[PDB]
Every structure is written in C-alpha cells, then in structure tokens.
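K.L.:
need a structure here:
(chains A, B, C and D)
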Amino acid sequence: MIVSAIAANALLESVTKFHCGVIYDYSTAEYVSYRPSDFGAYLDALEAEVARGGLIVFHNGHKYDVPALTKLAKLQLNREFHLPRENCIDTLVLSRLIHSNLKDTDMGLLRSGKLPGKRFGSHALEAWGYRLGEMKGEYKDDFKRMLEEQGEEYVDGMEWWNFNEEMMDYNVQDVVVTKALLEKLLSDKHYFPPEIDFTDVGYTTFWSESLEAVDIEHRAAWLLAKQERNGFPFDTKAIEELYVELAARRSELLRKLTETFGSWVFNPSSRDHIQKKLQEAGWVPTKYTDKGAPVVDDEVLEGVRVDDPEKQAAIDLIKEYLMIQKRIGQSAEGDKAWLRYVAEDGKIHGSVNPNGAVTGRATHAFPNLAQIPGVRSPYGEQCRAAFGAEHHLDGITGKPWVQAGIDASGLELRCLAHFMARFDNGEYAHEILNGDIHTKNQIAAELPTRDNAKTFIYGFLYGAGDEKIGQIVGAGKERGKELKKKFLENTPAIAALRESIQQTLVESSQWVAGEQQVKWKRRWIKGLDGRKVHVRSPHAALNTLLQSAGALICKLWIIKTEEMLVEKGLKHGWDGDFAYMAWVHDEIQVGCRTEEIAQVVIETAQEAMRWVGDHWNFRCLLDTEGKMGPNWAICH
Amino acid sequence: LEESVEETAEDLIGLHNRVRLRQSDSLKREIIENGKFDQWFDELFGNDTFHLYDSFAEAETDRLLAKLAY
Amino acid sequence: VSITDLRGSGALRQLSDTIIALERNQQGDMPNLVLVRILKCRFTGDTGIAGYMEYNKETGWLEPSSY
Amino acid sequence: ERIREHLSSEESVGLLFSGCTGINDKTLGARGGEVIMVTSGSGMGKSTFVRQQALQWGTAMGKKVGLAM
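P.N.:
Numbering: from 1, shown residues only, chains lettered A, B, ... in the order given. Let me share the structure:
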C-alpha cells in the first residue's frame, strides 16, 4: 500500500502541467518526493504498486487525482494512464462513509479551539489535519503572507501557477495528513476488523475483509465521477428561447402589477411587499412567520380573499410572477443558473456527492441537477427538454444519441414490505406484486379515495403530524389520530415493524425536563451493507431506515447495471456506446448511441435490479421501468 | 455420493476460511470479483492433500469398490 | 406430516435435498388455510414451519397468509 | 475450473419460491443440482403449489420451465 497526493496548476477542467507529488510506501516506511521533471517516474511508481496488486491512497483521488493524472499523461507525456478502480482508495469517500455523523462530532471539536469555523464538518484534507493535529499551516497562507515581504501582490488562486519550493513542502503536508487520516479510518473496527492490518495487504484482501460498504462507496464514487466527466448534454438555444418568453412576461406582469400599487417601486421578489400590501386590501393574516411580519407565504396566497377585485385579481398575477422569477433565477439570472454552467462541449457537468448524507442518498449541486422542475410543474416541460442526449452530437454519424430513463418502481413501499416481511411472512409484500397497494392502504386506514391513501402512506411513514393529514379531509390537527391508529390496527406488521427494531436500540427511555434521555443500545441503525446510519429520535427512525435501504439499493443498482453493460461488451463514455448523464435517487438518465443500445440498457437495469434483490436476499420483489426517447421530458 | 466435488469443495473452502460460503450469495460473488477465490483455493488444495470421487450417475459396486480399492 | 409418512422407501428421505409439505384441514373453519412445513433442507438445515397461505377461490392462487 | 465455473455461472439462488416467503427464509430458494420434494394430502394443493412456481418462474423471472404432467 502506498499513500500519495499531488499538486497541479489548475482544476480538473483546464489543468495543464504536473508540479509535484509525494509517495509514502508502507513497505519502505519512507517518503519519496517528485518534481516537474519527475512526472514520468511518478506514473511508473503507481503502476508498480498495481503490478504487486497493492493499493494506492489518495484524497479525492477518484474524482480529481486519478482522472487528472490520466489527463496530464496524454498531453505532457502522451502516454495512457488508467489506475484500475480496484487498486485505488479514497480517504474522502471513507470519511463520508465512516464519519457521516460529523455535524454533532464538531461540537467537542469546537470547544477545543482546534477546528476552524470555516472548516467545520468539512472533509477536505486540511480540515482533517486540525482534527488529528497535523496542520503546521496551509500552503495558501504561507504563500500570501510571504508574497507581502516580496513585493508583488496576489491573484485569486495564483499559488498554483508555478512550482515553488513552498508548495513542495506543503505537498508533503497533504500526504502526511492523508496517511494519518487513513489510519484513523482503519482504526474503526466496525468497518475494518482488527484481525487484518489493512495497512499492509493486497487489494484482493482489502475489499473483502473490509465492510461491504467500503467497497460500494469506492465503486459508487468512481462511477459517479465518470458521470460528472460525461456530463449532461445541453440545448443552450432552447433555454435562451425561454428567458425571452419569461423576461417579456416578467416585464409585462411587472407593468400590470405597478398600475395596482404606487410609490413615492413595486418589487419582484421582496418580503417587504406583501407585508406592505394585502393588509391594506382587507386581508388579516391567518398564519405569521417568526419574530415580525409574515413571509411570502405562497400557501395562503391561494386562499387570500380581499374585497378589492383588482387587488384580488392581482394575487394570481403575483403567484405567476414569483414563479417566473424562480425559473429565471434557475435558468439565467442565478449565480448557479444553468446558462452559466454549460461547458465548451455543449454539456452541463453537474457534480454529485456520493454518501453526502446519513442514509446514503446523494446530493447534487453546481448546478443541482436533481431539482430541475418536473414536466408537471409549469415550464418544466421545456426545462426537461433542455437536458437530453439528443442535445449531444456523435463521434461518427453525428446522429443525436437516444436517452434511456429507468426508475425504481415504487422502491419506498417495497422497502417497507421487506422490513415488515419479518413480521407478516410476506403478506404485505405480495400485495405489492398482486398490485394496488395504495388500494389496500386505503382500506386499511379508511380513506375515501386512493389518492388520499397515497399522500397518507408517505406522510405517516416519515413522521408527519396531523395537520397535513387533517387538511386531506379539510380539517386541522384534530383529525389525524384516528386515521393513524386505524391504519395500525388493520396493518399489524407495520406496527410490529417499529416494535422490535425501535426497541433494538434502547434499553429504557426517560424524560428529563422535556428532553428524552433514552438509554441507547447503539445510536446507529445498521444499513443493508453494515454501515452506520444514525438517526436522532426513536419516535420514528423508520423514515431513516427506509430511505437508507432505498438509497443503498439504487447505489448498488447503478453500479451493477454499468458493470453488466461493460461485461456484455459496451464501452462507457461519449466515445463508446453509452454515458451516464444524471443519477437522481431512484431514477437514472443514461445516454445511448443507438436505440438498440438503449433497449439493452433498459433490460440490463432490470436484470441488475433483480440481482440486487437476490444479493441482499430482499424479501420483496424489486422492479424497474424504462422509457426510451430524445431527452428528459420523455424519460419521465 | 450426494454432492458433486465442486459443492463439497465449496463447503471445504468456506469451512477452511471460517465461513459459510454456501449460504451467502454475497460471499460467493465477493471472492470471485476481487480475486479472493484463487487465494483461498491455493491455500487449501495447494498441497494436493484432498482427492474426491464424482459420477453421481447411479453408483454401483462392480466396479466402484474397485475404484475405492484402486 | 413427517418423513415417515412419505411414499416409497427411505431413499426419498435421503436424495431429496429440500422437502416442502402442505397441511390443511378441508373439513374445518379454515379449509383454504394451508400450512407449509420444511421437512428437510441439505442446503440450510433449517427445518420446521415456514409460513401460512390461503387458496383464493377466485384466482386459484396461493396468496401468503398472516399468523 | 469447474468450481470457478459453478460459482460464476450458476444463478446462485436460482429462484425463490413464490406464494409465500418464510420458505425462502429457511431454504433460500432452489439451486441448480438439487431436488425439491413437494407433498401433501390428496387434493390439498400439491399440483396447485408447484404450478404457481412453474408459472411465476417462467413469467416474472423468465426461466425455461419443463413440465411433466
């Protein structure tokens, strides 16, 4: 096993030159420093550990280091360099796996004065140096202050322009933190057994003798990192033709909404507006917002009735206006608007954090690819059309690629059937397969319509009170208790589900001054792969359990699907046959060169989904549904 | 005479490595993909200590006792 | 039903790797209720009563029962 | 190689008995090479139970099922 970290001139998207890199070998117990004229030997040193079947330790290597060293080797050395996914370890991923509950952990770290306020809960290399006590300083700061006593100034991120001896010393600093952080993660015996000193093993022993969660997360991080580099093809012209239809509508709406109110200036998106208005048109607020004056409150606006017809009719103009700002602020004027993120390949490369959550459901940002308005939401149809494989060319024919959208068919309710198959012997599970589970929940909870059962089952499982439940039948917090208790009597298994599991984490509970001081057995629920999935209050926790199952199911699902597609003969990327464009929890969007490839993609995903269920011996049956088409509005 | 040599070896391999390789769809795939199968396999049978019989197609006496005697 | 009630000589108690058995009282209050009993499983060795099932006179299927 | 071939190419747990879980909990389905023994009283659902397995396997989990009625 070797440990390293590198320093380049820029980010993964325009890096040009390799500066330095340090390699600590556990077998040699000694570091080795590299320099710009030593880039070639650096790649061989990594190849040598691959030949031995050892391991290579990087921080964020799956997402940056490994693809950058592949990219740098092509333009600088003109050689092909591809670190095998099996021979790579990412401390960042393990940190996100092992220490997903950092947010609490920092409380004691704050008391010490050892952890910066800007580096709270962060999983960056330097942020961990302060946690372990290895930060003698930071390269960026030993650069700025020393530039003063040299004359010349500082430009935002110029410390990486040129190879400097201070970078070479802080390049070591990043390596020793990676090593100590690795051993800090290897010292967690829940994930890494004591019987195996993983610091001196081959890759073959590392993955299997480690917890299964260790393997998936590195497979998940590697695949999704490929997805970011693949990117999502984007029709720039289409979104441009929308801002025109929106800005014109905004100005036309703004004009009509300035005839209704004067000044001494009507504001599009201000909170000091409705606060000044409606309570002058004859509207007395039903619900307020905190220390002073109610917020925008989109909810009440639908029900605001004022005796002024013009003011009343203007309410719906406000409803549209605010929404127009939302799409615009997401598609054009936002600091993280889509038009700002289109790369020079005609694609949007939205990033994704693998286990950036307690449960394992990922997070998307810059731009949040997982919040694009739905086709049911206004103008979402046009929005979804802007994200499509058709908006990509082709390596040869040029004929637009076809998109394949496959989602997990009702994963949440089937996950519920799996954990409750422990109490009903597959009763509820068969109701899924037999169909109309929302019809049974309707009968069990005594709801008038099937749609009311749908909004019930999800709210009840996740800890909704009685207001959302009461508003279903046009009531308040009153109606809810009898709706929840009746469902419990008609579905004992669900009640029995929360019995053994919720009493598996407690010995006895106790209320002290309004705070439950529960004596825990373990403040963490085990996931499908043995990882720690904490919760908070034992009053529900089920929501955490089900979402953990679902997110862990899809994570393995998208891994095996790609694994089978590669095994069948398909090549991953825009230069091969298919390319992952976006992963959104229970649905995925895959680009495909021909319709024939897309059909295989759909079938393989179903084959992988049954494979996952057999793998973890899932009590319930998992199915998926695929849609073929040009873009995303079609795949959903 | 009730399990083919691959299944009995499967038991022996798992038993040798303190696991139930038969009763884990997860463990079977594990040692295969990360190359842990050949590792345990050479560790056990590498000394040519284990030898088996396979036919399972209605074993007889003449001549099977001959094979046992042989 | 146990292993002795099995038709044929005592070879079926040996060759069969897994033995599924159904029991139901068609002259009682629950004729469609059928009990599943594992009599043998060389694979797991876990024997005993698995679960319950009900014969849907409409579909003719064996839907899994509670208990 | 035959051991390699077995673990890799067999469906592991080739299928799971449908109509009732718990059977899967105690048997983990049926494998390739074993012999599942189904029995009950005269007209108590021996044929009906097995016929569901033949149907389900050949429909949901597209296996090629052979029948000898």
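
K.L.:
who in chain D is up against chain A?
P.N.:
Contacts of chain D with chain A, taken as C-beta under 8 Å from any C-beta of the partner chain, map to D:12-13, D:16, D:19-22, D:24, D:28, D:60-61. All C-beta spots, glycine's among them, are computed from the backbone N, C-alpha and C.

K.L.:
return only those of the residues you listed found close to chain B.
P.N.:
Filtering the residues of chain D next to chain A for proximity to chain B by C-beta under 8 Å from any C-beta leaves D:12-13, D:28.

K.L.:
name the SS class of residue A:290, please.
P.N.:
coil (DSSP: H, G, I helix; E, B strand; the rest coil).

K.L.:
how many residues are close by it?
P.N.:
7 (other C-beta atoms under 10 Å in any protein chain shown).

K.L.:
how close does it get to residue B:33?
P.N.:
Distance, residue A:290 to residue B:33, by C-beta to C-beta, to the nearest Å: 54 Å.

K.L.:
quick one, domains of chain A?
P.N.:
A:1-232, A:233-346, A:347-409+A:522-636, A:410-521 (CATH domains of a matching chain).

K.L.:
buried deepest among those domains, which one?
P.N.:
domain A:347-409+A:522-636 (a mean of 20; mean count of other C-beta atoms under 10 Å in any protein chain shown).

K.L.:
residue A:6 reaches residue A:68, doesn't it?
P.N.:
Yes. If you go by C-beta atoms under 8 Å, residue A:6 and residue A:68 touch, sitting 7.4 Å apart.

K.L.:
ok, residue A:341 to residue A:400 distance?
P.N.:
21 Å.

K.L.:
now residue A:546
P.N.:
38 Å.

K.L.:
same deal with residue D:14?
P.N.:
Applying C-beta to C-beta to residue D:14 and residue A:400 gives a distance of 41 Å.

K.L.:
kindly report the same for residue A:386.
P.N.:
Residue A:386 is 14 Å from residue A:400, by C-beta to C-beta.

K.L.:
and residue A:312, by the same measure?
P.N.:
Distance from residue A:312 to residue A:400, by C-beta to C-beta: 48 Å.

K.L.:
mind checking the SS state of residue A:12?
P.N.:
Strictly by three-state DSSP, residue A:12 counts as coil.

K.L.:
center of chain D - which residue?
P.N.:
residue D:30 (4.8 Å; C-alpha atoms, centre = their mean).

K.L.:
how about residue 10, what does it touch?
P.N.:
No chain was given, so I picked chain A. Residue A:10 makes contact with A:16, A:160, according to C-beta atoms under 8 Å, 6 or more residues apart in numbering or on different chains.

K.L.:
nope, chain D
P.N.:
Per C-beta under 8 Å, 6+ apart, neighbours of residue D:10: D:31-32.

K.L.:
for the residue nearest to the spatial centre of chain B, phi and psi?
P.N.:
With distances taken as C-alpha atoms, centre = their mean, residue B:9 lies nearest the centre of chain B, 1.2 Å away. The phi/psi pair for residue B:9 (degrees, to the nearest 10) reads phi -60, psi -40.

K.L.:
just give the nearest non-adjacent residue to whatever residue of the stretch 251-400 of chain A ends up closest to chain B, would you?
P.N.:
Using C-beta to the nearest C-beta, the single residue of the stretch 251-400 of chain A nearest to chain B is residue A:360, 17.6 Å away. Spatial nearest neighbour of residue A:360, chain neighbours left out: residue A:551 (4.1 Å); criterion: C-beta to C-beta, 6 or more residues apart in numbering or on different chains.

K.L.:
where's the residue lying closest to residue A:496 once chain neighbours are set aside, which helix or strand?
P.N.:
Distances taken as C-beta to C-beta, 6+ apart place residue A:423 nearest to residue A:496, at 4.0 Å, with adjacent residues excluded. If you go by DSSP states H and E, residue A:423 is part of helix A:411-424.

K.L.:
packing partners for that helix?
P.N.:
helix A:427-434, helix A:450-462, helix A:492-500, helix A:542-568 (3 or more C-beta pairs under 8 Å, 6 or more residues apart in numbering or on different chains; DSSP states H and E).

K.L.:
try 7 Å this time
P.N.:
helix A:427-434, helix A:492-500, helix A:542-568 (3 or more C-beta pairs under 7 Å, 6 or more residues apart in numbering or on different chains; DSSP states H and E).

K.L.:
tell me which of those helices sits nearest to residue B:47.
P.N.:
Closest of the helices and strands packed on helix A:411-424 to residue B:47 is helix A:542-568, at 34.2 Å (criterion: C-beta to C-beta).

K.L.:
angle of the closest one against helix A:450-462?
P.N.:
Using axes from the mean of the first three to the mean of the last three C-alpha atoms, to 10 degrees, the direction of helix A:542-568 lies 100 degrees away from that of helix A:450-462.

K.L.:
does the residue nearest to residue A:496 touch residue A:495 like I think?
P.N.:
No. Residue A:423 is beyond contact range of residue A:495, at 8.7 Å (criterion: C-beta atoms under 7 Å).

K.L.:
before we move on, which element is the residue of chain C found nearest chain A in?
P.N.:
Shortest chain C-to-chain A distance, computed as C-beta to the nearest C-beta: residue-wise this is residue C:51, at 3.8 Å. Using DSSP H and E, residue C:51 sits in strand C:48-55.

K.L.:
what element comes up after that strand heading to the C-terminus?
P.N.:
Strand C:48-55 is succeeded, C-terminally, by strand C:62-65 (DSSP H and E).

K.L.:
so is that next one next to chain A?
P.N.:
Yes. Shown here: strand C:62-65 in contact with chain A (C-beta under 7 Å from any C-beta of the partner chain) through C:63-65.

K.L.:
can you pick the most crowded of those residues?
P.N.:
residue C:64 (25 neighbours).

K.L.:
pretty sure that one sits against residue C:51.
P.N.:
Yes. If you go by C-beta under 7 Å, residue C:64 and residue C:51 touch, sitting 6.2 Å apart.

K.L.:
which residues do the two both contact?
P.N.:
Overlap of the contact sets of residue C:64 and residue C:51 (by C-beta atoms under 7 Å, 6 or more residues apart in numbering or on different chains) consists of A:425-426, D:20-21.

K.L.:
report the angle between the helix or strand where residue A:218 lies and helix A:542-568.
P.N.:
Using DSSP H and E, residue A:218 sits within helix A:212-230. Angle, helix A:212-230 to helix A:542-568, by the same axes, to 10 degrees: 70 degrees.

K.L.:
could you name the helices and strands sitting against helix A:212-230?
P.N.:
strand A:89-90, helix A:91-98, strand A:351-353, helix A:542-568, strand A:578-584.

K.L.:
what pairs with the shortest one, parallel or antiparallel?
P.N.:
In the sheet containing strand A:89-90, its partner strands are strand A:56-58 (parallel), by DSSP bridges.

K.L.:
does the residue nearest to the centre of chain B touch residue D:3 like I think?
P.N.:
Yes. Residue B:9 is within contact range of residue D:3, at 5.4 Å (criterion: C-beta under 7 Å).

K.L.:
and the residue of the stretch 301-450 of chain A found nearest chain C, what are its phi and psi?
P.N.:
Using C-beta to the nearest C-beta, residue A:425 is the residue of the stretch 301-450 of chain A that sits closest to chain C, at 3.8 Å. Note on residue A:425: backbone dihedrals following degrees, to the nearest 10 are phi 50, psi 50.

K.L.:
not counting sequence-adjacent ones, nearest residue to it?
P.N.:
Nearest to residue A:425 is residue C:51, by C-beta to C-beta, 6+ apart, at 3.8 Å.

K.L.:
having no further points to raise, I will conclude here.
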